[PDB]
Amino acid sequence: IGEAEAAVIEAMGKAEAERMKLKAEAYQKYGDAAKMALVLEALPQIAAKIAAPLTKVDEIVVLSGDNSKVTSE
Amino acid sequence: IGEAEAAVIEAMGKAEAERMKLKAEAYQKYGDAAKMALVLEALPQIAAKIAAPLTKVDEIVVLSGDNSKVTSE
Amino acid sequence: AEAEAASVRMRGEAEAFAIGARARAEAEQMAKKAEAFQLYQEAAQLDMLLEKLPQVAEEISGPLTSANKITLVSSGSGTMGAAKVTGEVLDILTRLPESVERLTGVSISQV
Amino acid sequence: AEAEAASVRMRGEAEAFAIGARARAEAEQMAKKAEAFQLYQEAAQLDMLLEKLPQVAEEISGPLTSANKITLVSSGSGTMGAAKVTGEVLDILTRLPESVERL
């Protein structure tokens, strides 16, 4: 069983290293527009993650104008 | 199954890259008016997204004039 | 398994060719859009702006009109408050193009 | 045990070869993505930015519109408060790219 696991792990190493190597030249040919595309694609997921705590807001109170605290409603 | 998935993924790459390449010259011929059209078309969707939280407003209280807080209603 | 693999291969190839077909059609389509847009003067840009303003106004005033009640109170030489609501809507509608300006960098008003 | 070991060996080798197959396909795929992206002018970048802005606006205004009620109060020469909410959403949407810029 250990020999089989070693063989399959080495196969995964072969494949994943080949994947990363081939993806290296792919990334090497990226210009300004392609990096912009990467950042823009990443932005919505980050925004969704950061805004997740905002889901549980109960009520919002907004006041404006520099006046006293006697008027109330 | 993996070979079939690789073939279909390569086909998607062929097609989508051809799409982007052909759309490149299309965007290259854009003037001031066309960019204005793009921005104006994008504006209503952004406005709808930003105004969505305003849907849940319960009541609005507006006061005007620089006076005291004794008059009330 | 061989049958399933052949099915996946053929269906994917067909749908990719279809994607390429719409790609070519849309490219040849947008080329003429650009060509037509090239012949636009100030009147046409004014028409586009005045056609798009009501839609932005709708999208900004739709959520706002969901309020149950609005109370307006005035005092002194001040206003009643309806101008405040209209000014809020108009200020949002006029600051949105500037906020988009900050990122895009392309003008939206000719004058 | 020998049968189980042979099963594990063969299945793992097959799945690793499949991983390599998608690897080669994806690399040859992304090469053309880069080639196509090279021919992008300001109009195309503007189109990408204006296509991505609504999605960020959705992701920032989805959680916010879960509030049960919002109360707006004005006084003096101040505003009613709707501009405050829109400005909060827009400020987050405009400060997020700068925060990502920092990294």
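No Cβ is skipped: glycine too gets one built from the backbone with ideal geometry, and neighbour counts run over all protein chains shown. None of the figures in this text is laboratory data; all of them are computed from the coordinates on show.
With unit charges on the beta carbons (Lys and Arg positive, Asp and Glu negative) and the dipole taken about the Cα centre of chain B, which residue among B:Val62, B:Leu43, B:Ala7 sits farthest to the positive side? The one lying farthest along the dipole's positive direction is B:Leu43.
If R0 is taken as 30 Å, the Cβ-Cβ distance between C:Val111 and D:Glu88 corresponds to a FRET efficiency of 0.45. Neighbouring Cβ atoms from other chains, within 10 Å of the Cβ of residues in A:9-22, number 5 on average. Please sort through the DSSP H helices of chain C and keep those with an alpha-carbon extent of at least 30 Å along the long axis and a Kyte-Doolittle average not below -1.0. Helix filter hits for chain C: C:2-38, C:82-104.
This model, with +1 at the C-beta of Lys and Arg and -1 at the C-beta of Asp and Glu, gives the range C:60-111 a dipole about its Cα centre of some 160 debye. Per residue of A:38-51, other chain Cβ atoms within 10 Å of the residue Cβ number 6 on average. Charged side chains reduced to their Cβ positions (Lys and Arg at +1, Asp and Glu at -1) give the range C:1-104 a dipole of some 240 debye around its Cα centre. Other protein chain C-beta atoms within 10 Å of residue C-beta, averaged over C:36-49: 3. Measuring between alpha carbons in the structure, the pairs from C:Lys84/D:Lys84; A:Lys21/B:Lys23; B:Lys35/C:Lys33; A:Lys29/B:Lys21; B:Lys56/D:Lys84 lying more than 20 angstrom apart are A:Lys21/B:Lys23. Could you work out the equivalent-ellipsoid semi-axes for chain D, taking the square root of 5 times each eigenvalue of the Cα gyration tensor, largest first, in whole Å? Over the Cα atoms of chain D, the ellipsoid semi-axes are 51, 25, 10 Å. Here the mean projected area of the convex hull built on the C-alpha positions of the protein assembly as shown is 25.8 nm². With respect to chain B, whose longest principal axis is taken over its alpha-carbon atoms, helix B:2-28 is tilted by about 60°. Translational diffusion coefficient of the range D:61-103 (Stokes-Einstein, Kirkwood radius from Cα pairs, 20 °C, 1.002 mPa s): 173 µm²/s. With kT/(6 pi eta Rh) evaluated at 10 °C and eta = 1.306 mPa s, and Rh the Kirkwood radius from Cα pairs, chain B diffuses with a coefficient of 85 µm²/s according to Stokes-Einstein.
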